[PDB]
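Given as C-alpha cells, the chain that follows is alone and in the form deposited in one PDB entry.
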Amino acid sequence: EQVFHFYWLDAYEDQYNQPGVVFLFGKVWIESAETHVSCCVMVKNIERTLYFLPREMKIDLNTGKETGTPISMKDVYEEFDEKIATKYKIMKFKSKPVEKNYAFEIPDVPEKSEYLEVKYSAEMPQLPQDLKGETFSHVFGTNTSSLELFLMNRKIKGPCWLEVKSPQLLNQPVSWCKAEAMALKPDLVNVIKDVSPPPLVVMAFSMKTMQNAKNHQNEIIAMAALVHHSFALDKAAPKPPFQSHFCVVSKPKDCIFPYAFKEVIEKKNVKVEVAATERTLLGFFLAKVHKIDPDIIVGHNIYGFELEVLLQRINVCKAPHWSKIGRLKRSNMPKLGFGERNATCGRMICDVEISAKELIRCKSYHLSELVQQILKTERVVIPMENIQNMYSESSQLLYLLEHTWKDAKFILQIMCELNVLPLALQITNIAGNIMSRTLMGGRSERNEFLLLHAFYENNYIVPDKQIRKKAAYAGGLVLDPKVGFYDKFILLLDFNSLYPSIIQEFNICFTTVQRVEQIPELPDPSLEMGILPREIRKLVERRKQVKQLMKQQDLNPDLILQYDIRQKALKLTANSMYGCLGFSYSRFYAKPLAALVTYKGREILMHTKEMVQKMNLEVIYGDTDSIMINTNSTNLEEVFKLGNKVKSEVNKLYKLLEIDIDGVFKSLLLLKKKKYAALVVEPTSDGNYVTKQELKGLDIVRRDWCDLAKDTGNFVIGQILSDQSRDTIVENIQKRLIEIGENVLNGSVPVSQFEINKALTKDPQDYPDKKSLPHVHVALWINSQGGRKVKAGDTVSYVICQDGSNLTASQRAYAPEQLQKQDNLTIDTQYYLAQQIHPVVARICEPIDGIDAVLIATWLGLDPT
C-alpha cells in the first residue's frame, strides 16, 4: 500500500489529555535535500490490556465463601461483561482466553494459568488496581502506560529504525518537526535492523544569569551555543565538535550597554546578537532552537538550575512560543525534573554533570573541576558581582560573552571526552528503554525495561508498576588482612564477573528459585535456564563476540573505539542486573534472589581461600571476589607459573565461573581491610618489567582530607615502597615531615592545599545539628549569601580558621574566599598539623618500624601528649 522509514530517538505520552497516544520523535532522510530532518510520528489506538485471573471456585463477595460452582473462562467474561464493564463504563472491548506464565511477588497466583485478556480503548475509564470479583481474584495491567505497551508489543529497544505502514496526514501540525505523520494503530509500526544510525544535531549551550538590583529575580543576560548538524553516535566525535555557533547578549534593566558596543562588535566580527530586552533574548534563543532543531541539548547543571531558570524566565517575560524548546506544540507550561523533562519532550537533554558522576570520580562536579580533571585546562570563574561592572566597558562585556562561549565549548568537549552520547546509545539499545531517560541517570529503570522485554517475549504477565539506608541482607566476604609490608612478589587472583556468573552458573531467577531473611535453595540442575540467566548469558556472548572482533586485522581503525564502548556498556548492564534485585523500590525487587547471589558469593570465596591454603600457599587478603597470595618468592617467572597453577585448579571446579591472574606486586603495604598501597608489575621484554604505584582506600585517595595531608602521605608512601634501606627511608620521612611543619608555620603553603571537601547527603536546610558540621555550616553561608545555591549532591570546599572565638575546630569552618578576603580570619595551623597531616601519616606508618605516633607529632612541632 504505502510506507516510510524513520529513526526514532524519543517518545512522549500525555495520559491525561491524549490517552492511547504515543508521540515518537526522530529522523527521516529526505533524498531531495540530501540530509536527515526531524520527524514526529503520532501512533494512536494503543489499547489498554488487562489480564483477569479466574478463581478456582466462584465466591459470594458478601459471605466470602465458595458457592460450590467451579469457575470457567465464560464465568469471568460474563462477570466482566455484565457487572464490571457496566459499573465502570466500558462500551466496547475485545476479550480472549490466553495462557500466561507468572513468577512474581503476589501469592496465590499460579506459575502458569489461563487468563481473560480484555482489550479496550484508553479513552474509557481505568479499573482499580485491587479490583476483585466473584469469578476472578486479581487483574493485571490496569495502570500500564501506553508507551510501555507500545514499546513492549512492538519490541522496540532504544533508538532504531522503524517502518511505518499506511501513514496518515494530520489536519494541522502537532509538532515543531520538519515532517509529521500518523499511524492509526500500533501494529503499523515495525522495527527494521539492517540500517545504520543517522547522525544527530547536537547543541551545547551555557548562559549567564544576574541577580536583579532591587528584589530577588535571576535574569538571563547572555547565552552561548555551539552546534553540529552531523554528529554520529556510532563513531568518534567530529573534530572539531561543532560547525556553527551563536551568541546573544542582553542587559538587565538598570544598566545600559557600554558606549559603542555595537561598533566594537562590527569590528571584531563576532556572531553576537545584542538584544534590547531579556524577552527579546529568550525569543531569539527559542527561534534558533526551532530553526537549528537539535535532537540533543547538552549543558552543565541543566536539571539542577539552568533549565528551570530558563523556563521560569520564559514565562515571566512571556517570551513567544516556549514549547519550541521541545518538539511538540503545547499551550500551558508546567513547572516544579518532571515539568522539565516534559518541557523538552522530543529533544534529549544531556547534562555533563550527571554523566560525569556516573562515569568518573572527582572531588566535585562543578564545571571547573570537570574541566580541570577531564580536559586538563584551567577555567576562569566569574562571580555574579563582577558582572555588572563589566557592563560599563565594552571590552568587559565582550569578555563576559567570550567566557560564556568558552563554557559551552568546554561542556561540549567534556561530553565528547567521556564518550557520553555513544555510550548512552549502546546502553539504551541493550536495556531497551528510552535514551533521554538513560541520559538522566538512574539504573533501576534501565534494568526494569530490559526485564520487561525479556518477560514479555517469554509470555509472562509482568508486575504492575507500583504506586543511605541500613543494609537489608548479607553482602560480600572480606577476608582478614595480615597487615604489614612485603618484599616478595604477591599474587592477586580475581574472578571475572563473579555475581553475573554466579547467576548463570546456578540458574538463579524469578522463575527458578522458590521464595516467600532466609536464603532460598538453589534450583534443581534439572530445570531449564531461567529468564534472568538467559539474559545475562546473552550479554556475555555479545561481549565475547566484540572482544574477538577487536583482535581483528586489516580493520576499519575507528571501529576499535566503538567495540570498546559497546564492550563496557555490556559489562555495566550485566553488573547492574544484580544490584537491582536488591533495590527495595525496583519493579522487580527480589531480596531473596539478591541475598542468594551474595551467599554463593561468600561461599565460593572461602572454598577458594581454603583451597589455596591446602596448596601450602599463604593467603594474606581477600575481598568479595579476589585473593591475595604471598609467594614469598623473588622469581617472577615462577610466580606466574604458580598463579596459572592455582588458576587451573580453581577453574576446574566450575562450568562458567573463572578466576584469573589480575596482577602481581613487587612490594605491598597492607594497612587494613580495603586499604593498601602497592607497586604493580607491568611486564615488558625478557621477563623484565616496569613498576607503577597503585593506591586503594588510603586517606590519600579521599576527598575529605586536604591536599597538604594527602601530598605528604603520598610522599611517605613512595618512600616506604622504595628500594632504599629501611633506615634511608625513616630518615627521609623525618627530614620531609619537619620541613612541612616549618613551611606550614611560616606561611609558604598555598591556601589551596588547606581546603577540605565533603559532599552533602541532604540539602543544607535538612540538617538539625547544623553548626557542628563544617561543610553543612559553610554551605548555608554560601546559599544565603549569594547566587547559585548548594544542594544535595554538591560537594562543599572549606578550611578551618582561627576565628578568635575559641570554638572547636568543627565550628570554625569557612570558604576559601571568605578566608583570603576577610582579615580576622587566618589558617588554624595547629589544626592542620595535628588533625590533618599527623592522622594520615600516623596510620600509614603504623606497621613501620622506626616510625611512631608521638615521634611524628614532634617532627611537626607538636606536644606529644
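Under this definition, the rigid core comprises the largest set of C-alpha atoms superposing within 1.5 Å between the forms. Don't overthink the numbering: it's just position in the shown sequence, from 1.
Looking at mean Cα B-factors across 818-826 and 41-49, the upper value is held by 818-826.
Set 111-119 against 788-796 and average the Cα temperature factors; 788-796 ends up higher. Of all the options 127, 247, 730, 659, the entry's greatest CA B-factor is assigned to 730. Comparing the C-alpha B-factors of 153, 413, 562, 215 in the entry, the top value falls on 215.
Annotation for residue 163: CA B-factor lies in the lowest third of the chain's modelled residues. Per-chain ranking of the deposited C-alpha B factor places residue 14 in the middle third. The deposited CA B-factor of residue 219 belongs to the middle third of values across its chain.
Remark: residue 764 belongs to the highest third of its chain, ranked by C-alpha B-factor as recorded. Sort the modelled residues of the chain by CA B factor and residue 66 lands in the middle third.
Keep in mind the form deposited in another entry is missing from the figure; the text below concerns it.
Of the residues 609, 235, 178, 788, just one CA atom moves 2 angstroms or more between the shown form and the other one under rigid-core superposition; it belongs to 788. Comparing the forms between the shown form and the other one on their rigid core, the Cα displacement of residue 762 reaches 2 Å or more. For residue 859, the Cα coordinates differ by 2 angstroms or more between the shown form and the other one after the core has been superposed. Annotation: Cα of residue 105 displaced by less than 2 Å between the shown form and the other one, core superposition.
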